[PDB]
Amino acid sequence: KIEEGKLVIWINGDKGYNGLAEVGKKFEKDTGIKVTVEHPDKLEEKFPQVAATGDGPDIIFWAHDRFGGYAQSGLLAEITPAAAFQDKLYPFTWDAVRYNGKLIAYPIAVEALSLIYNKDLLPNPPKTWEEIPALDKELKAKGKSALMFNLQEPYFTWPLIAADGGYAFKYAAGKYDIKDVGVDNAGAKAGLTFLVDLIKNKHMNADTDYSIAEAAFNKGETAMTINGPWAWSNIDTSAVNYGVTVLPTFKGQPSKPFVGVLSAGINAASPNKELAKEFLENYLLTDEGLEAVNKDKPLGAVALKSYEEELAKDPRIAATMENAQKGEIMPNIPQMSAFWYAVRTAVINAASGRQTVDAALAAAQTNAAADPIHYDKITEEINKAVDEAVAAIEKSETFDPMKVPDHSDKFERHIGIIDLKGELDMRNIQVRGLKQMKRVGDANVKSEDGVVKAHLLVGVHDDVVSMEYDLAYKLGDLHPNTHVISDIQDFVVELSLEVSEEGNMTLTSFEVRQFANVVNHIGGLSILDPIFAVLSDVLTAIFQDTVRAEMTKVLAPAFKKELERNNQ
């Protein structure tokens, strides 16, 4: 229950919430009304969840791109600033928060990504993304790195993906055609493929996230990084001598980062809409107000004419403005969340190798047009389901060691002056190592007609699934009996789940992907023994058919009974 007479405010953890708190103290020193600032995790989703239950904070902070959907849901109260107040803020920043002709929030400051380099390590930073692989070679020779930026959020990679032609929604005659997406076009594949080549060529790691990139850069390890104004504070207090400049160009074209406007919205179910207006219009959106917040963490180009004008003489801000001009201001429509999840998923999978650049973006083209949902929420949820299910399997002993029915097969190959005939049969077949199969990566979710579909991967990586067994084959007059051990590398399972509106999780599909490779160790026989090649080829073949199948038929049931136990 939103407490009346008090002000609860939410802002992102990477912003100057400590400074925002001080402004909250002054408000309390003048009105007696306490202001509490909190920076929850996943607030861009937490808010719409609690605010939908008629609860939440009185004021929520975030880039305008999210607010479109918030307002659509009726979670945001229409702001009421006098024409005189609007006048003291740049018009374009009001357009940013205008949804359906109504102003649904107060703009705070414009923010754009810029290139951040180490003056000492790199006095003159590269002007293009292409001359970066070369620069990495040099730095590596000195135990350094060329570039490190968050690859877990599509917000940071998008600048490159759009550079050559990528785009979210086609804007036409004052309207964003939610059907005309542009993430898998020629211009987009070029960018993502480039980004992927950087990882394939080990110039950067896919696992790299915000904190890892920040630590390396501020530690002096990497020469460059890509971040926003908020990031400057931590670099200031580091030892790194830094500069902020124009992002690298791609194919003679500038990187087009999505520009966002940090906005403050008032929760519709708030009983303190007047106290909220006071705070925002007369305590935060003042030169003294924005300064307190800015000292803690730079806001970028504030929407307040007076202050934006004062800090406009900052080289770093001058850079940010340059990047903003080259890129475009994000649309605020509700479909924006889908767009983000789609791209976020395409980038992550393409960078991890889970999907090829084409497969990823094609799926993003589709997903960006699906029914927006609390992705994170549902993802963590489904992962949790599979995990516990897989952990249950780990308990049973029926699958590890997994007994496998014998098998016999006849073959032949015209080897010389003989249509070489001969067969062999396997006994005491046992699969091992399936007790260590975890979930690889997040569940890739999508919602259609109210039903959620999820695709996952369960496998035994950084380990091996061996199948030991007694073998016997016929070679002319030789009837040898030995023991074999076939190792399978990269054992993977493709899962397909479906969560009904009733909340029922039913297994859609289950298949053991064909083994990337199989290394047969035939006892007493050497890889140099001419026969090995034939036997190995046969064993591996019946492995990719018989074994792999009678392995799926045994794991499919166990995965159904679990993913559908508590089901109902």
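Start at 1 with the first residue shown and count on from there.
Peer 1: Out of 390-398 and 447-455, which one has CA B-factors that are higher on average in the deposited record?
Peer 2: The stretch with the larger average C-alpha B-factor is 390-398.
Peer 1: Got a sec? Mean C-alpha B-factor, which is higher, 183-191 or 406-414?
Peer 2: It is 406-414 that shows the higher mean C-alpha B-factor.
Peer 1: Among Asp296, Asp425, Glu111, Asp209, where is the Cα temperature factor highest, going by the PDB entry?
Peer 2: Max CA B-factor in the entry, restricted to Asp296, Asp425, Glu111, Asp209: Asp425.
Peer 1: Between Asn241, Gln489, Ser486, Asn323, which carries the biggest CA temperature factor in the record?
Peer 2: By C-alpha B-factor in the record, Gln489 ranks first.
Peer 1: Is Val35 in the lowest, middle or highest third of its chain when residues are ranked by C-alpha B-factor?
Peer 2: Ranked within chain, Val35 CA B lands in the middle tercile.
Peer 1: Classify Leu525 as lowest, middle or highest third according to the C-alpha B-factor given in the PDB entry, relative to its own chain.
Peer 2: CA B-factor rank for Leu525: middle third.
Peer 1: Grab the CA temperature factor for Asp545 from the record and place it in the lowest, middle or highest third of its chain.
Peer 2: Highest third.
Peer 1: Considering every modelled residue of the chain and its Cα B-factor in the PDB entry, is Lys219 in the lowest, middle or highest third?
Peer 2: It belongs to the lowest third of the chain when residues are ordered by C-alpha B-factor.
Peer 1: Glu45: which third of its chain by C-alpha temperature factor?
Peer 2: Tercile = lowest for this residue's CA B-factor.
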